[PDB]
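Take a look at this single chain in C-alpha coordinates; it is the form deposited in one PDB entry.
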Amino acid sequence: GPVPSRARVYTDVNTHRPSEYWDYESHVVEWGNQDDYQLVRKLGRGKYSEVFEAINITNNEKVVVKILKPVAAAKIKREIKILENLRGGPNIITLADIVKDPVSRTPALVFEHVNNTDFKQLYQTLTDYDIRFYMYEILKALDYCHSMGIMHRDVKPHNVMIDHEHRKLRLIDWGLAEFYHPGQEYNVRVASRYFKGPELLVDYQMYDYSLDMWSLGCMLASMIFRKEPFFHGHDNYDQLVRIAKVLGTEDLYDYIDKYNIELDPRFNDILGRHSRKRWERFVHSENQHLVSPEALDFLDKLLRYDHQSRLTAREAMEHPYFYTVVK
(Lines give C-alpha, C1' and ligand atoms only; values in the text may rest on other atoms or scores of the structure.)
Protein backbone atom coordinates (compact mmCIF):
# COMPACT_ATOMS: atom_id res chain seq x y z
CA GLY A 1 0.00 0.00 0.00
CA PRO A 2 1.02 3.69 0.36
CA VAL A 3 4.46 4.60 1.65
CA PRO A 4 4.11 6.21 5.11
CA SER A 5 5.07 9.83 5.66
CA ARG A 6 5.77 12.04 8.63
CA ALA A 7 6.12 15.79 9.15
CA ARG A 8 9.75 16.95 8.90
CA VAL A 9 9.22 19.50 11.74
CA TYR A 10 7.26 19.36 15.01
CA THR A 11 6.83 15.68 14.41
CA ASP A 12 6.43 14.50 17.98
CA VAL A 13 5.08 17.54 19.76
CA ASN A 14 1.74 15.91 20.66
CA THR A 15 3.37 12.67 21.81
CA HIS A 16 5.16 14.74 24.49
CA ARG A 17 1.96 16.41 25.68
CA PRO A 18 -0.39 15.08 28.36
CA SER A 19 -3.50 13.43 26.84
CA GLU A 20 -5.74 16.32 28.01
CA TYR A 21 -4.02 18.51 25.44
CA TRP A 22 -4.92 16.49 22.37
CA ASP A 23 -7.59 14.00 23.49
CA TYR A 24 -10.38 16.42 22.71
CA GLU A 25 -13.21 13.86 23.20
CA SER A 26 -12.26 13.64 26.92
CA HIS A 27 -12.58 17.45 27.29
CA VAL A 28 -15.46 18.68 29.57
CA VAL A 29 -17.03 21.88 28.20
CA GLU A 30 -17.86 24.44 30.88
CA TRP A 31 -20.70 26.51 29.41
CA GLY A 32 -20.89 30.25 29.93
CA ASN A 33 -23.96 32.48 30.19
CA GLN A 34 -25.60 33.22 26.83
CA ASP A 35 -27.49 36.10 28.57
CA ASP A 36 -24.10 37.91 29.07
CA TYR A 37 -24.25 38.94 25.37
CA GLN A 38 -26.45 41.11 23.15
CA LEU A 39 -26.21 40.86 19.35
CA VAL A 40 -25.43 44.14 17.56
CA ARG A 41 -24.74 43.48 13.86
CA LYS A 42 -24.02 40.72 11.33
CA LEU A 43 -20.35 40.51 10.34
CA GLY A 44 -20.53 37.64 7.83
CA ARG A 45 -21.45 34.02 7.14
CA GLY A 46 -19.90 30.57 6.62
CA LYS A 47 -21.41 27.37 5.18
CA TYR A 48 -21.78 25.90 8.72
CA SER A 49 -21.76 29.20 10.79
CA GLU A 50 -23.45 32.62 11.41
CA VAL A 51 -21.08 35.41 12.67
CA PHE A 52 -22.32 38.49 14.59
CA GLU A 53 -20.96 41.48 16.46
CA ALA A 54 -22.06 41.48 20.08
CA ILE A 55 -21.54 43.27 23.37
CA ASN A 56 -20.61 41.47 26.58
CA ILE A 57 -23.05 43.30 28.83
CA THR A 58 -21.00 42.31 31.98
CA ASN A 59 -18.01 44.52 30.86
CA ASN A 60 -19.56 46.55 27.90
CA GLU A 61 -16.85 45.31 25.50
CA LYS A 62 -17.42 44.36 21.83
CA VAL A 63 -17.19 40.54 21.14
CA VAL A 64 -17.66 38.34 18.03
CA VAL A 65 -20.28 35.54 18.22
CA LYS A 66 -20.07 32.46 15.97
CA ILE A 67 -23.26 30.41 16.01
CA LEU A 68 -22.69 26.77 14.98
CA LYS A 69 -24.83 24.67 12.58
CA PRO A 70 -25.21 20.89 13.43
CA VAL A 71 -22.18 19.59 11.46
CA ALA A 72 -19.90 22.26 13.09
CA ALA A 73 -21.67 21.57 16.45
CA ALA A 74 -20.80 17.83 16.32
CA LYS A 75 -17.00 18.58 16.30
CA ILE A 76 -17.28 21.42 18.95
CA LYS A 77 -15.01 19.65 21.43
CA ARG A 78 -12.21 19.55 18.83
CA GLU A 79 -12.61 23.27 17.85
CA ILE A 80 -12.83 24.33 21.50
CA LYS A 81 -9.77 22.32 22.53
CA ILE A 82 -7.75 23.67 19.60
CA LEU A 83 -8.82 27.28 20.28
CA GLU A 84 -8.00 26.92 23.97
CA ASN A 85 -4.64 25.36 23.20
CA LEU A 86 -3.69 28.20 20.77
CA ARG A 87 -5.18 31.04 22.86
CA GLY A 88 -2.73 33.89 23.18
CA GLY A 89 -0.62 32.74 20.21
CA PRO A 90 0.45 35.23 17.50
CA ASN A 91 -2.36 36.21 15.15
CA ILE A 92 -4.74 33.48 16.47
CA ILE A 93 -8.35 34.49 17.14
CA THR A 94 -9.04 34.48 20.93
CA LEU A 95 -11.87 32.34 22.28
CA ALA A 96 -13.56 34.25 25.15
CA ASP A 97 -16.59 32.00 25.94
CA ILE A 98 -18.68 29.01 24.87
CA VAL A 99 -22.48 29.40 25.20
CA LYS A 100 -25.67 27.52 24.33
CA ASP A 101 -29.08 28.92 23.31
CA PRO A 102 -31.72 27.11 25.44
CA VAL A 103 -34.32 28.08 22.79
CA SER A 104 -32.72 26.36 19.74
CA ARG A 105 -30.22 24.19 21.75
CA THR A 106 -27.48 25.46 19.39
CA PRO A 107 -23.97 26.27 20.64
CA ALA A 108 -21.94 29.38 19.89
CA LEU A 109 -18.35 30.37 20.29
CA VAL A 110 -17.59 33.85 21.59
CA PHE A 111 -14.34 35.52 20.60
CA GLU A 112 -12.59 38.73 21.69
CA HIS A 113 -13.42 41.57 19.24
CA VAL A 114 -11.41 41.65 16.05
CA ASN A 115 -11.39 44.93 14.16
CA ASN A 116 -12.22 43.68 10.70
CA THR A 117 -11.63 45.63 7.47
CA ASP A 118 -14.31 44.75 5.01
CA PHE A 119 -12.52 44.33 1.66
CA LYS A 120 -15.96 43.30 0.15
CA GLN A 121 -14.24 40.31 -1.66
CA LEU A 122 -12.09 42.79 -3.69
CA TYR A 123 -8.59 41.30 -3.81
CA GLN A 124 -6.85 43.83 -6.14
CA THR A 125 -6.66 46.05 -3.03
CA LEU A 126 -3.15 45.39 -1.65
CA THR A 127 0.23 46.69 -2.68
CA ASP A 128 3.26 44.39 -3.12
CA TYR A 129 4.56 45.54 0.31
CA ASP A 130 1.21 44.83 1.99
CA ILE A 131 1.04 41.33 0.44
CA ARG A 132 4.48 40.54 1.87
CA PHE A 133 3.64 42.05 5.21
CA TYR A 134 0.33 40.19 5.62
CA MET A 135 1.71 36.92 4.32
CA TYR A 136 4.42 37.20 7.04
CA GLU A 137 1.69 37.73 9.62
CA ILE A 138 -0.18 34.59 8.41
CA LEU A 139 3.08 32.65 8.59
CA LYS A 140 3.49 33.66 12.25
CA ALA A 141 0.08 32.10 12.99
CA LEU A 142 0.85 28.95 11.00
CA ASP A 143 4.27 28.41 12.52
CA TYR A 144 2.64 28.86 15.92
CA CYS A 145 -0.12 26.33 15.39
CA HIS A 146 2.23 23.82 13.68
CA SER A 147 4.64 24.20 16.65
CA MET A 148 1.69 23.44 18.97
CA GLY A 149 0.93 20.26 16.96
CA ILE A 150 -2.07 21.59 15.09
CA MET A 151 -2.76 21.80 11.35
CA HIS A 152 -5.39 24.38 10.35
CA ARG A 153 -6.56 22.45 7.26
CA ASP A 154 -8.69 25.31 5.89
CA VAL A 155 -6.34 28.14 5.01
CA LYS A 156 -8.01 30.55 2.56
CA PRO A 157 -8.89 34.29 2.31
CA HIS A 158 -12.23 33.73 4.10
CA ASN A 159 -10.42 32.37 7.19
CA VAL A 160 -8.10 35.37 7.50
CA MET A 161 -9.46 38.61 9.14
CA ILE A 162 -7.46 41.76 8.53
CA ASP A 163 -7.54 45.03 10.59
CA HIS A 164 -6.02 47.14 7.74
CA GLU A 165 -6.04 50.34 9.88
CA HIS A 166 -3.89 48.82 12.66
CA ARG A 167 -2.12 46.44 10.23
CA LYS A 168 -3.05 43.34 12.19
CA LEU A 169 -4.37 40.00 11.09
CA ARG A 170 -6.07 36.96 12.67
CA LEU A 171 -6.30 33.37 11.44
CA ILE A 172 -9.85 32.23 12.18
CA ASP A 173 -12.27 29.28 11.83
CA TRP A 174 -10.41 26.43 13.45
CA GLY A 175 -13.42 24.13 12.95
CA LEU A 176 -11.52 21.92 10.49
CA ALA A 177 -8.24 21.95 12.42
CA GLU A 178 -6.72 18.72 13.75
CA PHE A 179 -3.94 17.52 16.02
CA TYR A 180 -0.98 16.06 14.18
CA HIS A 181 0.09 12.58 15.25
CA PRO A 182 2.85 10.87 13.25
CA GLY A 183 1.50 7.99 11.17
CA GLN A 184 -2.13 8.95 11.67
CA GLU A 185 -4.36 8.75 8.61
CA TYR A 186 -6.66 11.73 8.23
CA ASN A 187 -9.82 12.46 6.30
CA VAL A 188 -9.01 14.08 3.00
CA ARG A 189 -12.40 15.87 2.77
CA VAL A 190 -10.97 19.01 4.31
CA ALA A 191 -10.33 22.60 3.18
CA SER A 192 -12.01 24.30 0.26
CA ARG A 193 -11.70 22.84 -3.26
CA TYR A 194 -9.50 25.59 -4.67
CA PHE A 195 -7.07 25.34 -1.74
CA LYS A 196 -6.85 21.55 -1.47
CA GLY A 197 -3.34 20.14 -1.66
CA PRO A 198 -2.50 17.35 -4.14
CA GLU A 199 -2.26 14.95 -1.16
CA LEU A 200 -6.03 15.39 -0.53
CA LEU A 201 -6.85 15.16 -4.20
CA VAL A 202 -5.05 11.85 -4.61
CA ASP A 203 -6.43 10.41 -1.37
CA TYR A 204 -3.13 10.33 0.54
CA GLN A 205 -4.33 10.29 4.16
CA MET A 206 -1.01 10.52 6.01
CA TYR A 207 -0.57 14.27 5.50
CA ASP A 208 0.67 16.91 7.91
CA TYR A 209 1.26 20.63 8.50
CA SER A 210 2.59 21.06 4.95
CA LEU A 211 -1.02 20.85 3.73
CA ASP A 212 -1.41 24.41 5.07
CA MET A 213 1.63 25.57 3.12
CA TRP A 214 0.07 24.44 -0.17
CA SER A 215 -3.11 26.38 0.65
CA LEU A 216 -1.03 29.47 1.53
CA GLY A 217 0.73 29.16 -1.83
CA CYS A 218 -2.69 29.06 -3.58
CA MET A 219 -3.59 32.33 -1.83
CA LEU A 220 -0.30 33.94 -2.75
CA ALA A 221 -0.58 32.92 -6.43
CA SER A 222 -4.13 34.26 -6.68
CA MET A 223 -2.97 37.60 -5.20
CA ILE A 224 0.33 38.20 -7.10
CA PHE A 225 -1.14 37.05 -10.45
CA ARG A 226 -4.56 38.66 -9.90
CA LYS A 227 -6.29 35.37 -10.75
CA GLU A 228 -9.16 34.34 -8.43
CA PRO A 229 -8.89 31.41 -7.65
CA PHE A 230 -5.56 30.42 -9.05
CA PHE A 231 -6.48 26.74 -9.59
CA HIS A 232 -10.10 26.91 -10.76
CA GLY A 233 -11.31 23.29 -10.61
CA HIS A 234 -14.93 22.50 -11.55
CA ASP A 235 -14.80 19.57 -9.01
CA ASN A 236 -12.09 17.62 -7.00
CA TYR A 237 -10.94 15.60 -10.03
CA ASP A 238 -10.73 18.67 -12.26
CA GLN A 239 -8.95 20.41 -9.38
CA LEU A 240 -5.96 18.08 -9.86
CA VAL A 241 -6.10 18.61 -13.59
CA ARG A 242 -5.94 22.37 -13.17
CA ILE A 243 -2.96 21.88 -10.89
CA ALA A 244 -1.34 19.48 -13.39
CA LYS A 245 -1.82 22.09 -16.18
CA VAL A 246 0.54 24.38 -14.23
CA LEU A 247 2.95 22.07 -12.34
CA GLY A 248 3.06 19.41 -15.01
CA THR A 249 2.16 15.76 -15.06
CA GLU A 250 5.79 14.55 -14.86
CA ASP A 251 6.30 15.75 -11.29
CA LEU A 252 2.81 14.49 -10.40
CA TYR A 253 3.70 11.03 -11.50
CA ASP A 254 7.00 11.22 -9.65
CA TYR A 255 5.02 12.17 -6.50
CA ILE A 256 2.50 9.30 -6.81
CA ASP A 257 5.41 6.86 -7.53
CA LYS A 258 7.37 8.14 -4.46
CA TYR A 259 4.55 7.34 -2.09
CA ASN A 260 3.17 4.41 -4.07
CA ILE A 261 -0.16 6.05 -4.37
CA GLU A 262 -2.88 4.36 -6.26
CA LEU A 263 -4.64 6.88 -8.44
CA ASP A 264 -8.41 6.67 -8.96
CA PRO A 265 -9.26 5.54 -12.48
CA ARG A 266 -11.31 8.70 -13.32
CA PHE A 267 -7.96 10.61 -13.75
CA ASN A 268 -6.87 8.35 -16.65
CA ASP A 269 -8.99 10.04 -19.16
CA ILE A 270 -8.61 13.49 -17.57
CA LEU A 271 -5.06 14.15 -16.55
CA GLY A 272 -3.45 13.81 -19.95
CA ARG A 273 0.08 15.00 -20.31
CA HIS A 274 1.13 18.57 -19.44
CA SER A 275 4.43 20.34 -19.27
CA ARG A 276 5.50 22.15 -16.10
CA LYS A 277 5.00 25.88 -16.78
CA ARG A 278 7.30 28.74 -15.92
CA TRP A 279 5.77 31.13 -13.37
CA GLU A 280 6.70 34.06 -15.66
CA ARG A 281 3.80 32.91 -17.99
CA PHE A 282 1.26 34.32 -15.47
CA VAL A 283 2.97 37.75 -15.39
CA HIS A 284 1.11 40.52 -17.28
CA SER A 285 1.03 44.35 -17.27
CA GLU A 286 -1.86 44.43 -14.74
CA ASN A 287 0.05 42.32 -12.14
CA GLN A 288 3.76 43.08 -12.76
CA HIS A 289 3.75 45.52 -9.73
CA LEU A 290 3.14 42.44 -7.46
CA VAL A 291 5.65 40.11 -9.01
CA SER A 292 9.39 39.99 -8.29
CA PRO A 293 12.00 37.23 -8.69
CA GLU A 294 11.71 36.67 -4.86
CA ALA A 295 7.91 36.25 -5.04
CA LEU A 296 8.16 33.68 -7.85
CA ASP A 297 10.91 31.80 -6.05
CA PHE A 298 8.87 31.75 -2.86
CA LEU A 299 5.73 30.59 -4.68
CA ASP A 300 7.68 27.87 -6.45
CA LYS A 301 8.81 26.50 -3.05
CA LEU A 302 5.27 26.36 -1.68
CA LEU A 303 3.41 24.94 -4.72
CA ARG A 304 5.10 21.55 -4.92
CA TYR A 305 3.27 18.24 -5.25
CA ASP A 306 5.53 16.56 -2.73
CA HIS A 307 4.26 17.73 0.64
CA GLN A 308 7.64 16.82 2.21
CA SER A 309 9.45 19.22 -0.16
CA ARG A 310 7.43 22.36 0.52
CA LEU A 311 8.84 25.07 2.73
CA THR A 312 7.74 24.83 6.36
CA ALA A 313 6.24 27.98 7.88
CA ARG A 314 9.50 28.87 9.59
CA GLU A 315 11.51 28.26 6.42
CA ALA A 316 9.02 30.45 4.52
CA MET A 317 9.60 33.27 7.06
CA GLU A 318 13.35 33.08 6.23
CA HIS A 319 12.72 33.60 2.52
CA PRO A 320 14.20 36.65 0.71
CA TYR A 321 10.66 37.65 -0.27
CA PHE A 322 10.29 38.94 3.32
CA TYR A 323 13.60 40.78 3.59
CA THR A 324 11.87 44.08 2.71
CA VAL A 325 9.24 43.65 5.45
CA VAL A 326 10.04 45.63 8.57
CA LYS A 327 10.61 43.27 11.50
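Between two forms, the rigid core is the largest collection of C-alphas that superpose within 1.5 Å. One-based numbering along the sequence shown.
If you look for the form deposited in another entry, you will not find it shown, but the lines that follow are about it.
Shifts of 2 Å or more in the Cα, rigid core superposed between the shown form and the other one, apply to only one of 43, 271, 290, 299; name it. Only 43 moves by 2 Å or more at its C-alpha.
After the core is matched up, is the C-alpha of residue 121 off by 2 Å or more between the shown form and the other one? True for residue 121: a C-alpha shift of 2 Å or more.
Taking the rigid core as the frame, does residue 148 move its C-alpha by 2 Å or more between the shown form and the other one? Where the cores coincide, residue 148 shows only a C-alpha shift between the shown form and the other one that is less than 2 Å.
When the two forms are laid on each other by their rigid core, does residue 83 show a Cα shift of 2 Å or more between the shown form and the other one? No; residue 83 is a residue whose C-alpha shifts by less than 2 Å between the shown form and the other one when the cores are overlaid.
Work out whether the Cα atoms of residue 25 and residue 74 come closer together or move farther apart in the other entry than they are in this form, the change being 3 angstroms or more. Their C-alpha distance shrinks by at least 3 Å in the other entry.
Considering a change of 3 Å or more, are the Cα atoms of residue 180 and residue 74 closer or farther in the other entry than here? Their C-alpha distance shrinks by at least 3 Å in the other entry.
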